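# Structure assessment
Listed below, chain by chain, are the residues.
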Amino acid sequence: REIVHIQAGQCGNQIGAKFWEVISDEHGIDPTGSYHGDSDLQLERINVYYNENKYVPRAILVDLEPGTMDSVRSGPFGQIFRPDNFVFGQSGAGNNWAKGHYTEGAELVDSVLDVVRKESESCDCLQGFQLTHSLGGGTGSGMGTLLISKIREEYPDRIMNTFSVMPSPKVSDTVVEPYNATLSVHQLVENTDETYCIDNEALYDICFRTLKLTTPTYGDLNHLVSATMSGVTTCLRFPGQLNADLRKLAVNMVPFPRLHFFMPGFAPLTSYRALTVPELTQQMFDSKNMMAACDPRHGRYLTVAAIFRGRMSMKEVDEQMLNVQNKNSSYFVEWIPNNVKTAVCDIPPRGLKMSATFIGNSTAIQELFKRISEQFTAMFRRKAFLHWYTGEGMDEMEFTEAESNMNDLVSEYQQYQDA
Amino acid sequence: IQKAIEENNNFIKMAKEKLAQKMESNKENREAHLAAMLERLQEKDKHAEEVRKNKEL
Ligand SMILES: *[C@H]1CC(=O)C/C(C)=C\C=C\C(=O)O[C@H]([C@H](O)NC(=O)/C=C\C=C\C)C/C(C)=C/[C@@H]2CSC[C@H](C1)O2
Ligand SMILES: Nc1nc2c(ncn2[C@@H]2O[C@H](COP(=O)(O)OP(=O)(O)O)[C@@H](O)[C@H]2O)c(=O)[nH]1
Ligand SMILES: [Ca+2]
Ligand SMILES: [Mg+2]
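Definitions and cut-offs
Residues numbered from 1 in each chain as written, not as in the entry; some residues may be left out. Chains lettered and ligands numbered in written order. Part of a larger assembly, values for the part shown. Heavy atoms only, no water. Near = heavy atom within 4 Å. Polar contact = N/O pair within 3.5 Å; in protein donor to acceptor, adjacent residues only side chain to side chain. Areas by Shrake-Rupley, 256 points an atom, 1.4 Å probe, with all protein chains shown as cover. 1 Å grid on protein atoms, 1.4 Å probe; cavity = no way out; pocket = protein on both sides within 12 Å on 5 of 7 lines; lining within 4 Å. Sits in = over half its atoms within 2 Å of the grid points. Helix = DSSP H or I, 4+ residues; strand = E, 2+ residues; numbered from the N terminus. Patch = residues over 30% accessible without salt bridge, like charges linked within 9 Å, V, L, I, M, F, W, Y side chains within 5 Å. Salt bridge = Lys/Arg side-chain N within 4 Å of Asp/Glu carboxyl O. Buried < 20%, exposed > 50% of the residue type's maximum accessible area, 1.4 Å probe, protein only. UniProt positions renumbered as here; feature names shortened; annotations may be inferred. Contact = heavy atoms within 4.5 Å. Axes fitted to C-alpha atoms, helices over the stretch in contact; angles between N-to-C directions. Left-handed = near helix turned anticlockwise from the far one by under 90°. Nonpolar A, V, L, I, M, F, W, Y, C, P; charged D, E, K, R; others polar.

Per the deposited record, determination of this structure is attributed to X-ray crystallography, with the resolution reported as 1.970 Å.

So, on to the site of ligand 2. Residue and element names in this part refer to chain A. The environment of ligand 2 is formed by 16 residues, the closest being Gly138, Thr139, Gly140, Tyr218 and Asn222. Interatomic distance of 2.9 Å between a backbone N/O atom of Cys11 and an oxygen atom of ligand 2. Between ligand 2 and the protein, one listed contact pairs an oxygen atom with a backbone N or O atom of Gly138 at 2.8 Å. Bound to the protein, ligand 2 loses 97% of the 570 Å² it would expose on its own. Applying the majority rule of atoms within 2 Å of the grid points places ligand 2 in the second largest pocket. For the shell around ligand 2, the elements supplying multiple residues, two or more each, are α1 (9–26), α5 (139–154) and α8 (218–237).

Turning next to a nonpolar patch on the surface. All names here are of chain B. Together, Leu34, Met37, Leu38 and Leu41 make up an exposed nonpolar region whose accessible area comes to about 340 Å². As for its placement among the helices and strands, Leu41 is situated in helix α1 (residues 2–56). Accessibility expressed as a relative area gives 43% for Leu41, which makes it partly exposed.

This brings us to the UniProt feature "binding site: Mg(2+)" in chain A. Residues and elements named next belong to chain A. Annotation from UniProt places "binding site: Mg(2+)" at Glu65. Mapping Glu65 onto the fold places it in the loop between β4 (59–63) and α2 (67–74). Setting aside chain neighbours within four positions, we find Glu65 in contact with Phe88, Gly89, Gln90 and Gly92.

A separate point is the side chain of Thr162 of chain A. Residue and element names in this part refer to chain A. On the secondary structure map, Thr162 appears in strand β7 (residues 159–166). Given a relative accessible area of 0%, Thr162 falls into the buried group. A distance of 2.7 Å separates a polar atom in the side chain of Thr162 from a polar atom in the side chain of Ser164. Here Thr195 takes part through its side chain, which lies 2.8 Å from a polar atom of the side chain of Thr162. Excluding residues within four positions of it along the chain, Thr162 makes contact with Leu131, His133, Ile148, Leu188, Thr192, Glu194, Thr195 and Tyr196.

The next thing to look at is the packing of helix α10 (residues 277–284) of chain A against helix α11 (residues 314–327) of chain A. The geometry of a pair of packed helices is captured by two quantities: the angle between their axes and the separation between those axes. Residues and elements named next belong to chain A. Two elements in contact, α10 and α11, have axes separated by 9 Å at closest approach and are oriented at 40°. In this structure, α10 meets α11 at a crossing whose hand is right-handed. Across the interface between the two elements, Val277, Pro278, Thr281 and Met284 of α10 pack against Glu316, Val317, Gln320, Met321 and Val324 of α11. Here the residues of the contact of α10 with α11 sort into six nonpolar, two polar and one charged.

Now the structure itself:
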């Protein structure tokens, strides 16, 4: 039944706030936590995300500085969160994974776990956790991965899911993002069950090229993200058969434990006109609607989950999903039979009669790790910017080890791509 | 974290000690320059004594 949601750092709290605004709207929950919807489908699985005549997100808001969480509290749905679930320090993490993971984050993490435990303890049957964060900064990356490790120690038989924003030079705050992301990926490989890889470069290019936004803001990017998070959690939050819980999703999507990094996608993305099931299906599988900046035609799908939302012919959905597989059969590994599963939920996202969300486990995700790996090495060969990390107690050897582990992941994807 | 604490502490310590050693060396040097100056001036007073003694013969 219950999922506990955690959002850490600037990026993590910004996208996490938007996620809660969007799903609260879908479930008919207003900013004061009152239900004012008109379909029983809205409430049937509400307790997955909301404690209970008011509904309060099962959500913990974490940061090492107060500013983003002050904006959250002032923002649209800011009063819906439980006030005790805001856990924050004052010193910040300076875009530094070591600060998040080892020094500043270490001072705050026990207070976060106290709140996690209080939420877990009033669950009838906790399924596990979802974390929103970036990998490029300090708090979401360093403190978020510290939290994941501590949660795993205290709840080792629960599922850990992340929405992880991956940095890009094209949409960048500091030069040390590749260091922070490489250190984080090493943690995610060992300690998550499912990670949605959301590439800031993909978000930007979707906004700029497809949506025709001349100058995208983080706000624009987060709109994309929150739409995708809504889509990918649909089957957790509404009645249905397929991928209806975190553990069932993992069993269907993860054939080898380390290869749990998914490329999500959304359709439609266009700059009133009716969308057809054919169009949704074709757009959902097109590289330009995917959020990891990897070309799926450069690899193979191990597994895919597709979710369609809205009133539409179930027959035509099954038909088009079979057309795509049968027509592009070479991009699907042949040694996992029937590796594409399709769900359908009657409730569309706000503003859309019909939508589809894609979750692919593709060997092409190797390209994202390789890019981060190349940007890490260009700096690490000259030990550039390392003093920020060594001043917090870290040694060079830990960087060598993270780099190796991420290169190992890349090789593992390549192996299955060739098999 | 222990390593980070240790290296911050060791930085303080070394900066404290280096400074104490420079301020002492500086002080002894300056003092010695002054003592030498005064010793030259005192030699001169002794010499002027001898002149006035030499005159008395
Ligand atoms: C957030 C929307 C908001 O802040 C501003 C407005 C008015 C609209 C944004 C729409 C948008 O991004 O729409 C995309 C896509 O561009 N839409 C279409 O392609 C529509 C029709 C196609 C026909 C051929 C879809 C999208 C990401 C919508 C999400 C759903 S979740 C809530 C947010 C609200 O919108
Ligand atoms: N999509 C998106 N990326 C963001 C946002 N804010 C920061 N980033 C990215 O997140 C990384 C920096 O981490 P940030 O979350 O600001 O640092 P933290 O507060 O220490 O966790 C960089 O890769 C930024 O491009 C945001 O609201 N949305
Ligand atoms: Ca501190
Ligand atoms: Mg920031």
